[PDB]
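I have placed the structure first, in the form of structure tokens, so that the comments after it can refer back to it.
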Amino acid sequence: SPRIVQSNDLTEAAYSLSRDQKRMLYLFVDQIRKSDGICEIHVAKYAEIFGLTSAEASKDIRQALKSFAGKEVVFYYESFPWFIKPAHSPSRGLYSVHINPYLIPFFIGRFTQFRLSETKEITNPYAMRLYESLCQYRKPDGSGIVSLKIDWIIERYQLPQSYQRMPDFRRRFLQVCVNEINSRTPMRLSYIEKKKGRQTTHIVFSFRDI
DNA sequence: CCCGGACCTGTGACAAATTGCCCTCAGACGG
DNA sequence: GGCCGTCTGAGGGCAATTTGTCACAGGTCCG
Ligand SMILES: [Mg+2]
């Protein structure tokens, strides 16, 4: 299945995209990299890749696409929009999109790589972003270890504001995304909390390959 | 000594959002 | 050439789960 690669600058960028948007984003990077910024998506190809019907695919593409308008990307700073023109459909089952051409160099650069079958069953988008940031440190054999700062997690994954109270952070973000990865990917993940006084400051992740 | 206050934790409620499903009907194409 | 049956996909919806928010009880330490 397709091998995604992207600059580490994209893995660690600050942005908020949905699952459907992130899925499409994987195909743009694949299309662009296999070569002006104009990409294309076929309904019937999307449906076969992610095991959806044509009807629900059409809905996913359509609603994801109109929700890109106004979205921005921050590299740590400098902010850019994803699209510089609305999408449009010349043919039935076919959509044409205009990626901000200034984003091209950020896609292809110190890089991150994973096969698309590894992430395509994940549902929660924060769990996608986390799996991407563990892959950035993975070793050939499939293991690694990394410490991420909690304030840095919140800015980069653009977690919603109420998750600045740590018990909500634990309950609705951390536990679920550790759970999904262990249930939906070929990776076995564990973690431990680093404290300073009463405050929890970092999260320390360990993983291997099954 | 014990207090209110400033921190921290987990859980129960409710509100807001998303998931995979279902149903209709016209477009595009090949037979 | 030209009509129709079939495969697509662009819409309209649902209930069951997931995600996002906050009140409230109960731990610590300090002045
Ligand atoms: Mg869908």
- Task: Go through A:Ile192, A:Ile150 for me and flag whichever is surrounded by 13 or more Cβ atoms within 10 Å (Cβ to Cβ) and β-branched (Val, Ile, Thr).
- Result: A:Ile150
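Condition check ((1) farther than 30 Å from A:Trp152 by Cβ; (2) within 16 Å of DNA strand B (Cβ to nearest atom); (3) under 19 Å from the mean Cα position of the chain (by Cα)) across all residues:
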| position | (1), (2), (3) |
| --- | --- |
| A:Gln6 | no, no, yes |
| A:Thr11 | no, no, yes |
| A:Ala14 | no, no, yes |
| A:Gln21 | no, yes, yes |
| A:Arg33 | no, no, yes |
| A:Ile41 | yes, no, yes |
| A:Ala44 | yes, yes, no |
| A:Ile49 | yes, yes, yes |
- Item | Pick from the stretch A:195-210, criterion more than 16 Å from DNA strand B (Cβ to nearest atom) and surrounded by fewer than 17 Cβ atoms within 10 Å (Cβ to Cβ), ranking: farthest from A:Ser117 (Cα to Cα) | A:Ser206
- Looking at this structure, is A:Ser54 within 13 Å of the ligand (Cβ to nearest atom), within 12 Å of the chain's Cα centre (by Cα) and either over 25 Å from A:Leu148 (Cα atoms) or not assigned by CATH to the domain that holds A:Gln158 (or both)? no
- Query: So which pairs qualify, if the first residue must be in the stretch A:175-191 and of a type in the set (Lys, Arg), the second must be within 16 Å of the ligand (Cβ to nearest atom), the Cβ gap must be under 6 Å, and the two must be at least 6 apart or on different chains?
  - Reply: A:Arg184/A:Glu121; A:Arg184/A:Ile122
- State whether one or more residues within the stretch A:92-101 are surrounded by 15 or more Cβ atoms within 10 Å (Cβ to Cβ), touching a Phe, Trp or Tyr at 6+ places or on another chain (Cβ under 6 Å) and either among the small types (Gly, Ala, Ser) or in the same structural domain as A:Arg156 (by CATH) (or both). no
- If we take the stretch A:29-97, then strands (runs of 3 or more DSSP E) inside it with 1 or more residues that are among the aliphatic types (A, V, I, L, M) and closer than 26 Å to A:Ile108 by Cβ are A:38-42, A:72-75
- Examine the stretch A:136-157 for a residue that is away from DNA strand C (no atom under 16 Å from the Cβ), under 18 Å from A:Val29 (Cβ atoms) and either in a helix (DSSP H, G or I) or not assigned by CATH to the domain that holds A:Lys22 (or both), and state whether such a residue exists. yes
- Qualifying residues in the stretch A:59-84 (those that are more than 16 Å from DNA strand B (Cβ to nearest atom) and among the hydrophobic types (A, V, I, L, M, F, W, C)) - the one farthest from A:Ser96 (Cα to Cα): A:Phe75
- Item | Close pairs from the stretch A:112-139: first among the polar types (S, T, N, Q), partner surrounded by 21 or more Cβ atoms within 10 Å (Cβ to Cβ) and not in a helix (DSSP H, G or I), Cβ under 7 Å, at least 6 apart | A:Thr112/A:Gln6; A:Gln136/A:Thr112
- Message: Looking only at the stretch A:120-135, count every residue that is within 16 Å of DNA strand C (Cβ to nearest atom) and outside any loop (DSSP other than H, G, I, E, B) and tell me the total.
- Response: 7
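All of this is worked out from the model, or read from it or from the source named; nothing here is a laboratory result. Heads up, the Cβs are rebuilt from the backbone with ideal geometry, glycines too, and the neighbour counts pull from every protein chain shown.
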